[PDB]
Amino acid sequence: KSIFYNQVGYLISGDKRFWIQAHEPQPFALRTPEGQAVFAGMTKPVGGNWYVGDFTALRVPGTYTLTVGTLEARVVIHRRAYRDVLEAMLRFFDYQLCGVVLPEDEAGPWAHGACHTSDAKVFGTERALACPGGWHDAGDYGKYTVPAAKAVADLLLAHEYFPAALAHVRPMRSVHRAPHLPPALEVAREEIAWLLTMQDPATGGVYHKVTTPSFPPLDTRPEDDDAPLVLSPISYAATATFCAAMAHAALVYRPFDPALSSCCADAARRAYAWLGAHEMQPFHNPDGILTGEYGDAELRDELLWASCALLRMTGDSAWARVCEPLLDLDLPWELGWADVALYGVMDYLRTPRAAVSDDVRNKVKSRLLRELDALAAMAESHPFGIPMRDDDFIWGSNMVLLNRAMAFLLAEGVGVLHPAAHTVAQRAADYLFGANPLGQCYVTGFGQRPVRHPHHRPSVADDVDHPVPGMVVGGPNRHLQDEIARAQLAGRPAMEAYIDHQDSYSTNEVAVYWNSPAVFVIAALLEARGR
């Protein structure tokens, strides 16, 4: 029996909520460390087994003792409560850097020399290509184009939406080149640079991934992983998502890195040329390649994103002829990594009105609003106020949640101002930081119940009780898709289908594209912005 709360903290100007399992209202108090009450109220029912207490009106920063029944919790209120965790979430990307020295003065215990420095062989050939840099994808050391595109897009969108919040954090600054770009762009450039090396100069197509044939032991340090690197074949999905990300990067970097901006624009155009001359073939692992497939049978949303990205990059109305029929399809409007249509919708909506059809544009805005309404109804039913149903708690459920919060916030940039947007964002953070049935903070290195045993090779290699901080784990997954989950979590409700165990890859791994929406959402919460 405990209090469930945001274990990282609460914003002075933000909503403040705790949860408890109870069957009737109870008085609660918030007190100073000496013990004197500064706030008091009554809990109220929200369904399932749950009651909530609202202490939003407490505006004075500090560490308070929350008392309800015979239970106590320590809660922090601060002007920028999430600054440290946002910084850690962004530093994760630098911790994932491949082929670059990470010095101890930046990386502490996890400092290491440049890893995976060898040339990658193109599958089914004797040709070798240098594809250095960028990020290890997850708990493994593969670098995969499709999910990379999402992580880049999310960081770029965070820079575009919340630059002031991001300005207050510091990545591994000394590992990046001077002059230093704004934090999100400094970090994202490393991945963008690597992506550019994955494009085949002859055809404009993009290799699906570069990995070793198989996964090394969970125990393996990055610099000790010396198996041969293989470039898996060019794929439609990789080429299209590369196109979209590069087109996005072209726009965003224009005033910061003109050479990169220009390089990305032309790379995007060459990638789109490839799309036009090739079939929408889903990617499957070649024989002898057992690493992450990142497959996907539906590719029209990738074409949609690429098309809309180039529409916005160029501002040329000719692109709307291709975009608008794709926007009419009943594709899910989601934020990846496989279902990427909402990135395209956003690029379309963020293009000057003059370049697109007014009729189509209003239909797209209207669909977006209806989608958000649906998510808002979900959140209203849920005891923790998050836009989730039991069946949404799948592999990477934390990302499912964060993408949904992100959609609310993105919409505010294109004239769709849903009244639940900022409540949803706060509840998503609350949930991520311990306001859930397990009382689990789903980020390593933070909260009172942090993640301690992530499925992450650098963490497992160094200290299995003390992992790299700032890593957002996948979260509860009702499908029990690893040995540990099957054995330990059968019969538990959806939100309880998580275990902090290094072998539980289906509930407790990490990913660049799980940190990326988290950076966006937490940055939004820091940029406190009503009248």
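Each residue number is its position in the shown sequence, starting from 1. Here the rigid core means the biggest group of C-alpha atoms that line up within 1.5 Å when the two forms are laid on top of each other.
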Item to check | Rigid core superposition result in 6 other deposited structures of this protein, more deviant of 43-51, 462-470 by Cα | outcome: 462-470
Item to check | Between 334-342 and 107-115, larger RMS Cα displacement in 6 other deposited structures of this protein after core fit | outcome: 107-115
Next on the checklist: So, looking at the entry's B-factor column for Cα atoms, which has the higher mean, 188-196 or 380-388?
Outcome noted: 380-388
Checklist entry - Hey, which bit's got the bigger mean C-alpha B factor in the entry, 403-411 or 79-87? => result 79-87
Checklist entry - Going by the entry, which of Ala429, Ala227, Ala259, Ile289 has the most elevated CA B factor? => result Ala227
Checklist outcome for this item: Reading the B-factor column for Cα atoms of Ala153, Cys98, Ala265, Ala355, the highest value belongs to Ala355
Checklist entry - How does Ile3 rank on Cα B-factor within its chain, lowest, middle or highest third? => result highest
Next on the checklist: Which third, lowest, middle or highest, does the C-alpha temperature factor of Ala22 belong to within its own chain?
Outcome noted: highest
Item to check | Entry-reported Cα temperature factor of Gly474, expressed as the chain third it lands in | outcome: lowest
Checklist entry - Which third of the chain holds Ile234 when residues are ordered by C-alpha B factor: lowest, middle or highest? => result middle
Next on the checklist: Based on the deposited C-alpha B factors for this chain, I'd like to know if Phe393 is in the lowest, middle or highest third.
Outcome noted: middle
